[PDB]
Structure formats: structure tokens, C-alpha cells
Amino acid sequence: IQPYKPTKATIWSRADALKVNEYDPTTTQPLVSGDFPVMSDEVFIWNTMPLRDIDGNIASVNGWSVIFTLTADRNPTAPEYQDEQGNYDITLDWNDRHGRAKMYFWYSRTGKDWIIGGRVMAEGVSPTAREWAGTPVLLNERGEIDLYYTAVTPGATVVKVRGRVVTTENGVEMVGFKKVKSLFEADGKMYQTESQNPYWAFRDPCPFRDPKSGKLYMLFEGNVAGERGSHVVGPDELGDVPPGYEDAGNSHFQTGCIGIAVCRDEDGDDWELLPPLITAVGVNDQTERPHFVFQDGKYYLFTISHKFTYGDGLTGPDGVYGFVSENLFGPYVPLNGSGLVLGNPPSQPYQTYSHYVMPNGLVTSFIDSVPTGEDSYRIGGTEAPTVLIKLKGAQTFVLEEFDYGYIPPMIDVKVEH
């Protein structure tokens, strides 16, 4: 026997979070311009999910780049959104997007200047009221796609639906996305359930083939199992805090984690829940959109979070956080010492969200709210400038800003059926 250290969750501790620097130019997203363009006058988009293979390669099909988006109608004539002076209030319409979210696709031969394709699933196919985020996995040269996503209301369930991409020289269609398959939901012993917490998270599936083992796994956002308010911020969750920083306040209410599941097959059909990879009890309630970059034989695990979901006595920016390990199952250490990879600038703290770090170092995000004066701001619901980062050991560095919604392919796949 060669003994191995057992697998354990990596704790993102309060002491790690005290290192978060909101004023580091190497980990700050470039300022979004108040004059940003808007990709649709009919729909809002936000969370953007590039088509990719199971290994994480961003994929074009017959030269066409393809993105999936969470999407909501714009409702400029809705009486519910007219203010006291009878004028449309975009903020109310934008805030209601989550309750009416659906998957759309878009396409382009340039990786930008996206052409709208419309809804992925026809009316009546989705079993739930909302479609929340996931991953569109291109399977083969027949153009078959498994769309892994979150079916929300009733419950929050990781699901998948099989369909096919078809291209012509004029554009792209998504066909046959007809049968949604339940994969798993929160269990209550490892991941928190709605019964334990009405505000539980269980979302954002990110399937991948492990480059070392070749086995199929899947990341997702969850909360650490247990009744809301029952968790304890003990010595390990506090970590090595300095003198005067021992008070955890009511931070036991913040219980985010990055979960992982394993597949029993190569087809992503039958999944088993594993214990969490990263836990943030006392630190942040929302470790959203977990995803990997594999580089230099290491595992770079990114997650998106909010200023507002930090534990009592802690703060940091909205944006990208992340961790690195030599091994899929850890131990992970926080990137840049704190975990912060790409924070919104404090002057425009909500300019972007739902970032996605691609293996080529490009980070795509959508525009949320951009200030245009002392009291005034613009709503986006459209793609932000892409920005290049470099991963180097346990450091990251912001390098270069690219065009709005720039998502170039890493591979092209020849599709015929």
C-alpha cells in the first residue's frame, strides 16, 4: 500500500477572505463604458454558456461559433413597469428576468456580433417554470448536444436535454431538444435542501472529463447540508485570523459550497453525488457557476460571487474567485492568497456578472449596471468586453481587453447528419 491523504473539502476561510483586495489592478476588470452597445431590443441576456466539448474546448460547428444564454423578454409596454409619470422603468423588468428565464442560442462566424437563434426548447418541453444556467456539451460529428441545465420551480434539479445543432451557410438551428432528463437534486446530508433552507442554491452544472483519469464528473453550486442557522463557524472556518478579527458575527448563515458528482458511464446518464470540493461556511453564501481550467497539470477552479453574500465582518467585490490544486480532489489553495481573481472596480461595482474563464484565458461576462452620473445608471442585459487573464502557479494577472461578447473558438467540429 502507498497511503494517500484522504479527500476532504478545502475550506475557504474567513482569514483567506480578509486578504481580499478590492484595489488590486492585477485582479480588477477593466471599466465598462457608459456607451456600451446592446445586442437585442427584444430580449435581455445574462449568463452566457459557449458551446464546448466534454474536455472544455470552446467549439465552433462548421465554422459557426455558438453561445447559449439565459434570456428574458423586454416588456417596455407592460403597465406593471410604467412609473408615476407613465414611463417604462427598465430596472423593474430587468429585476424580474430570473422568474421568466429561458435558454436561447446565438451564432456568429467571427465569435462576436452574435445573431439571435431563439429558444432552444419549444413551448411545453421544459418541465419547470424557469431554465437556469448550465453547459451545452457538443458530443460528436452528428452535432448531438447534451444541454445540462438547472430546471427551477418546483425545486431546483440538475437535468439534461439532448438535441442537435444543424448549420447552413446562412446560420444555425437547434433541433430535437424534446426530452428533459432528471439527473439529481440536493440530498440533505451533503448538500442543503429547500426543506433545510428556502434560499438554498442547487444550480449551474459544469460537466467535464477529468484529463488525468478520463472519468466524467460535474461541478455545481450548492450549500453545505443542514438546517439554515444550524451551521457553526468553528476554528477551521474562521482560519488563521489576526488579533481583533475573532468575531464571526452571524456568518454561520453563509454556507456556500462547490459540489461535485461522478458519472457511472461515458454518456453522462447516471450520476452519483460526492461530498463538496470547496466550502465557504462563515465566508460566502453563493459560490456560483463553478468551472475548471486545466493548465500546467493543475486544476484551476473558478467560482463567481457577490459582495452582498459575504459573511458578517467580511467584504469583497462581485466577480471571479478561484482556487488551484495539483489534484481534482484537492487540496486547493486560494488564487492570489485571497481567492480573488477578477473583481469589479469599486467605482462600477455591478458593471458585470456571471463571468466564465475559458481555457484560452479569455473571460466573458454580461453587463448588469453601469453608472453614468452621481444618481444615474444604465442596465445592460448584453455582453461585456471579454478580458484576457493569465494563470501562473497560484497567481492570476489581468492582461488585455477585447471586444464586447468576444468568444472565439478553440476547436472547430465538422458536423453532418
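For every residue, the number given is its place in the sequence shown, counted from 1.
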item: Entry-level comparison of average CA B-factors, 121 to 129 and 141 to 149, reporting the higher stretch; value: 121 to 129
item: Per the entry, higher mean C-alpha B factor between 237 to 245 and 284 to 292; value: 237 to 245
item: Options 95, 344, 251, 195 - largest CA temperature factor per the record; value: 95
item: Most elevated Cα B-factor in the entry, residues 386, 28, 69, 40; value: 40
item: Residue 164 - which third its CA temperature factor falls in, relative to the rest of the chain; value: highest
item: Residue 401 - Cα temperature factor, lowest/middle/highest third of chain; value: middle
item: Ranked against its chain, the third holding the CA B-factor of residue 376; value: highest
item: Chain third (lowest, middle, highest) by recorded CA B-factor, residue given as residue 350; value: middle
item: Entry-reported Cα temperature factor of residue 36, expressed as the chain third it lands in; value: highest
